[PDB]
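Here is the structure we will look at, set down as structure tokens.
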Ligand SMILES: [Ba+2]
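Protein chains in written order, with the deposited numbering: chain A, 301 to 530, 536 to 635, 657 to 762, 770 to 784; chain A', 554 to 635, 657 to 722; chain A'', 723 to 762, 770 to 784. A prime marks a further copy of an entry chain.
This is how it looks when you write it as structure tokens:
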């Protein structure tokens with residue numbers, strides 16, 4: 301840096317557009333020794349950059365992906381260089397306007413620290429630190445990295461302002477979808493021959509409600525099966546997502562049955578109406594912030610019972626389609663409806679069959695039915711072993727990791743939902759004029782030492 | 554529960570109250586078998602479990618009975634011609671029998687609409703089978719981390 | 723303890739049963755390790778390290 305022939309420009313980038321600070325982040329292995337000296341060099345270079353160049357700061361220079369050294373440390377999953385840039389307080393008094401941690405007032409036992417929200421909550425900027433902590437970083441250390449000092453209180457800021465509001469809208473917006481469906485059911489003409497001529501304007505009004513009700517069940521049906529291939538118990542616990550799925554299944558079954566021409570659709574249509582008002586009993590809990598261990602369990606409960614239903618129904622269709630292929634003489659095209667009807671009744675145990683006479687081939691019907699019990703009894707035990715093989719070893723760690731992660735994940739999805747006008751309204755942090770003014774955040778402390 | 558059900562049935566006018574009345578008498582002398590333990594002072598781990606066992610089975614009964622009343626009251630509303659006021663007693667009687675599996679029904683003929691009766695009964699199993707697993711996951715999601 | 727013991731053991735058990743399945747001709751093809759001429770040459774294996782001490 302200081303020489304007599306030619307000096308070294310600290311601001312110089314590379315072919316990757318990275319400066320001297322970004323290489324220190326890229327070698328910052330989270331160990332004992334390596335987290336020590338990188339904090340020594342990071343303080344040494346920036347003070348030397350200000351002393352040689354008072355106009356520009358070395359942190360301001362971005363990359364080919366427009367990344368600061370603080371923005372880069374969230375990507376590669378670095379902690380020691382991360383916790384030092386956040387806790388940055390410089391004694392040199394010339395590189396002071398870029399310091400991060402401050403001391404407001406020190407009335408005895410109570411210290412008043414002050415952290416800047418410079419890049420943590422970018423209101424009207426491109427991309428934030430906190431967004432890369434949630435949306436982009438795939439490193440395991442993101443559970444520890446959210447447990448740094450300001451972000452544990454920064455996430456509690458916007459949770460207290462947006463959590464109670466966004467939950468109450470979700471309760472009302474579900475009640476709107478129910479009162480629409482009540483007006484559909486009790487105002488049906490009910491002749492016995494569905495569908496109907498949709499020419500009456502006062503019947504055209506309730507016709508619009510089928511667009512609202514059905515497509516809401518369709519969006520919930522096709523996104524979750526895509527989310528399976530590719536349980537937010539904060540608001541509503543994970544038992545609701547399975548029950549609202551069963552509500553979503555019965556709607557699209559209902560929509561088929563009055564388009565086939567069979568007038569017995571009316572039983573299923575009012576059946577899901579009873580569940581939807583009784584699904585509102587999960588709204589009475591309120592809001593949950595303390596993580597239990599059953600939260601990770603109910604994802605696998607939803608993961609495999611949906612697999613348990615599809616392995617059922619494909620087997621019932623497949624074995625019915627199998628038995629039609631045995632019929633070499635003509657057989658009739660209406661036999662497959664009669665195979666599948668006489669096959670569902672055996673699993674329940676109705677005994678109201680039409681084709682299969684168990685008195686005809688008794689020694690074969692039993693040994694297929696006994697093995698059908700053994701197939702189903704093991705698939706039930708695959709549920710319990712997958713739960714018992716989960717609640718033992720590392721559930722003591724991960725259930726307090728994803729619960730912290732999903733609590734941070736949802737509140738930023740709420741933050742993306744508001745427009746740019748309402749974004750500036752409930753913004754945390756205050757303007758505190760320090761130096762020779771910024772949007773920093775007030776943090777309290779209590780300490781009995783340092784006298 | 555069986556006492557207040559008994560008190561209704563001889564005020565309705567139906568003389569079959571006598572079966573339920575002596576039924577709870579058999580339990581009450583057999584409930585005295587929990588008196589033989591003595592007194593417990595050493596804490597086990599099942600004590601916090603049996604609160605949630607009592608918390609949700611009472612919820613499991615009310616989510617049952619409101620669903621049985623609600624679906625029976627639903628099917629009366631399908632009847633646009635006159657229907658009769660005594661049909662709701664016959665819907666609810668023929669609806670409890672299906673969950674047990676008596677098959678002694680009076681109105682619902684499964685031979686009439688078989689492809690609809692099965693797919694409602696199959697989904698009725700799936701509704702009840704998940705609510706049973708909500709008991710076991712709430713117990714397994716309790717006896718691991720901080721129950722010690 | 724044991725679920726992270728037999729899982730390590732069975733992971734090593736199966737890959738040697740796969741190794742017994744190939745003939746002697748295909749055995750020499752995907753052989754790990756390199757010839758590095760050391761001394762006054771052998772089939773050794775390269776291992777990387779990272780250390781900030783030892784200066
Ligand atoms: Ba039976």
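All residues carry an ideal CB built from backbone N, CA and C; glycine is no exception.
Hey, would you say residue 583/A' sits closer than 7 angstroms to residue 559/A', going by beta carbons? Within the second chain, numbered from 1, the residue matching residue 583/A' stands at position 30. Within the second chain, numbered from 1, the residue matching residue 559/A' stands at position 6. No.
Just verifying my parser: in three-state terms, what is the DSSP assignment at residue 784/A''? Within the third chain, the letter at position 55 stands for residue 784/A''. Of the three classes helix, strand and coil, the one that applies to residue 784/A'' here is coil, per DSSP.
Report yes or no: is there a C-beta of chain A within less than 7 angstroms of the C-beta of residue 663/A'? In the second chain, the residue the question calls residue 663/A' occupies position 89. Taking Cβ atoms only, chain A never reaches closer than 7 angstroms to residue 663/A', which makes this a no.
Between residue 675/A and ligand 1, is the CB less than 6 angstroms from at least one heavy atom? Reading the first chain from its first residue, position 349 is the one you call residue 675/A. The answer is yes for residue 675/A.
For residue 778/A, which three-state DSSP category applies? As a first step, residue 778/A is located in the first chain; it is residue number 445 there, counting from the start. In this structure, residue 778/A counts as strand in the three-state DSSP scheme.
I'd like to know if residue 708/A contacts chain A'', where contact means its C-beta is closer than 7 angstroms to some C-beta of that chain. Sequence index remark: in the first chain, residue 708/A carries index 382 (1-based). Chain A'' contact via Cβ: absent.
Residue 599/A and residue 719/A': beta carbons closer than 7 angstroms? Here residue 599/A corresponds to residue number 294 of the first chain, with the count starting at 1. Here residue 719/A' corresponds to residue number 145 of the second chain, with the count starting at 1. Contact: no.
Contact list for the region 716–731 of chain A against chain A'', Cβ threshold 8 angstroms: 719
Considering Cα atoms alone, identify which of 306/A, 468/A, 370/A is closest to residue 325/A. Looking up residue 325/A in the first chain gives position 25. Ranking the options by Cα distance to residue 325/A, first place goes to 370/A.
Less than 7 angstroms between the C-beta atoms of residue 375/A and residue 387/A, yes or no? Taking the first chain and counting its residues from 1, one reaches residue 375/A at position 75. Taking the first chain and counting its residues from 1, one reaches residue 387/A at position 87. No, the pair does not count as a contact, with Cβ atoms beyond the cut-off.
What does residue 782/A'' reach in chain A if we use C-beta pairs closer than 9 angstroms? Mapped onto the third chain, residue 782/A'' falls at position 53. Neighbours of residue 782/A'' on chain A, chain order: 333.
Checking 7 angstroms against the spacing of the C-beta atoms, do residue 587/A and residue 622/A come in under that value? As a first step, residue 587/A must be located in the first chain, where it is residue number 282. As a first step, residue 622/A must be located in the first chain, where it is residue number 317. No, the Cβ-Cβ distance between residue 587/A and residue 622/A is not below 7 angstroms.
Using the rule of at least 16 other Cβ atoms within 10 Å of the residue's Cβ for burial, across every protein chain shown, is residue 322/A buried or exposed? What you label residue 322/A is simply residue 22 of the first chain in a count that begins at 1. Answer is buried; the Cβ neighbour count reaches 16.
Assuming contact is defined by CB atoms lying nearer than 7 angstroms, are residue 752/A and residue 417/A in contact in what I supplied? Start at 1 with the first residue of the first chain, and residue 752/A comes out as number 426. Start at 1 with the first residue of the first chain, and residue 417/A comes out as number 117. No, the pair does not count as a contact, with Cβ atoms beyond the cut-off.
For the alpha helix (DSSP H) holding residue 561/A', just list the boundary residues, first then last. If you number the second chain from 1, residue 561/A' lands on position 8. From DSSP, the alpha helix (DSSP H) with residue 561/A' extends over 555–565.
From residue 777/A to residue 727/A, what does the alpha carbon distance come to, in whole angstroms? For the purposes of this step, residue 777/A is taken as the residue at position 444 of the first chain. For the purposes of this step, residue 727/A is taken as the residue at position 401 of the first chain. Rounded to the nearest angstrom, the two C-alpha atoms are 26 angstroms apart.
Name, going along the chain, the residues of the region 595–626 of chain A whose beta-carbon falls closer than 7 angstroms to a beta-carbon of chain A'. 597, 598, 599, 602, 603, 606, 610, 614
Helix, strand or coil: which one does DSSP assign to residue 773/A''? One-based indexing of the third chain puts residue 773/A'' at position 44. Note: residue 773/A'' maps to strand in three-state DSSP.
Three-pair Cβ contact test at 8 angstroms for the region 349–364 of chain A versus the region 310–318 of chain A: yes
Check whether the region 447–457 of chain A touches the region 407–427 of chain A, taking contact to mean three or more Cβ pairs, one atom from each stretch, closer than 8 angstroms. yes
Contact set between residue 520/A and chain A', taken where Cβ atoms lie within less than 8 angstroms: Position 220 of the first chain holds residue 520/A. Chain A' residues near residue 520/A: none, gap ~17 angstroms exceeds 8 angstroms.
Drop a sphere of 10 angstroms on the beta-carbon of residue 318/A, count the other beta-carbons inside from all chains shown, and report buried for 16 or more, exposed for fewer. As a working mapping, residue 318/A is identified with position 18 in the first chain. Buried, because 16 or more other Cβ atoms sit within 10 Å of the Cβ of residue 318/A.
Going straight from the alpha carbon of residue 611/A to that of residue 529/A, what length do you get? In the first chain, the residue the question calls residue 611/A occupies position 306. In the first chain, the residue the question calls residue 529/A occupies position 229. Each residue's alpha carbon lies about 12 angstroms from the other.
Buried or exposed: residue 683/A, going by 16 or more other Cβ atoms within 10 Å of its Cβ? Taking the first chain and counting its residues from 1, the one referred to as residue 683/A is at position 357. Per the 10 Å Cβ criterion, exposed.
I'd like to know whether the C-beta atoms of residue 547/A and residue 481/A end up nearer to each other than 7 angstroms. Here residue 547/A refers to the residue found at position 242 when the first chain is read from its first residue. Here residue 481/A refers to the residue found at position 181 when the first chain is read from its first residue. No, these two residues do not count as a Cβ contact at 7 angstroms.
At the 7 angstroms Cβ level, is residue 531/A part of the contact set with chain A', yes or no? Note on chain A: consecutive modelled numbers read 530 then 536, so residue 531/A has no coordinates in the structure shown.
Meets three-Cβ-pair contact criterion under 8 angstroms: the region 487–504 of chain A and the region 561–579 of chain A: yes
Straight-line CA distance for residue 343/A to residue 595/A? Your numbering for residue 343/A matches position 43 in the first chain. Your numbering for residue 595/A matches position 290 in the first chain. Cα-Cα distance, rounded: 39 angstroms.
Can you tell which of 356/A, 368/A, 539/A has the C-alpha that lies nearest to the C-alpha of residue 737/A? Reading the first chain from its first residue, position 411 is the one you call residue 737/A. Comparing Cα-Cα distances from residue 737/A to each of 356/A, 368/A, 539/A, the minimum goes to 539/A.
For residue 402/A, which of helix, strand or coil comes out of DSSP? Translated into the one-based positions of the first chain, residue 402/A becomes position 102. Correct three-state label for residue 402/A: strand.
Option in 712/A', 722/A', 717/A', 597/A' with minimal Cα separation from residue 604/A: The count along the first chain starts at 1 and reaches residue 604/A at position 299. Measuring from the Cα of residue 604/A, the nearest candidate turns out to be 712/A'.
With a CB to CB cut of under 8 angstroms and the five nearest residues on each side skipped, what residues in its chain are close to residue 729/A''? Within the third chain, residue 729/A'' is the residue found at index 7, counting from 1. Same-chain partners within the cutoff: there are none.
Just reading off the alpha helix (DSSP H) that residue 756/A'' is part of, what are its end residues? Numbered from its first residue, the third chain carries residue 756/A'' at position 34. Looking at the DSSP string, residue 756/A'' is not in any alpha helix (DSSP H); the run it does join, the beta strand (DSSP E), is 756–758.
Name the two residues that bound the continuous beta strand (DSSP E) containing residue 414/A. Locating residue 414/A in the first chain gives position 114, counting from the first residue. First-last of the beta strand (DSSP E) with residue 414/A: 410–416.
Is it buried or exposed, residue 349/A, if we count other Cβ atoms within 10 angstroms and call 16 or more buried? Residue mapping note: residue 349/A aligns to position 49 of the first chain, counting from 1. By the neighbour-count rule (16 or more Cβ atoms within 10 Å), residue 349/A is buried.
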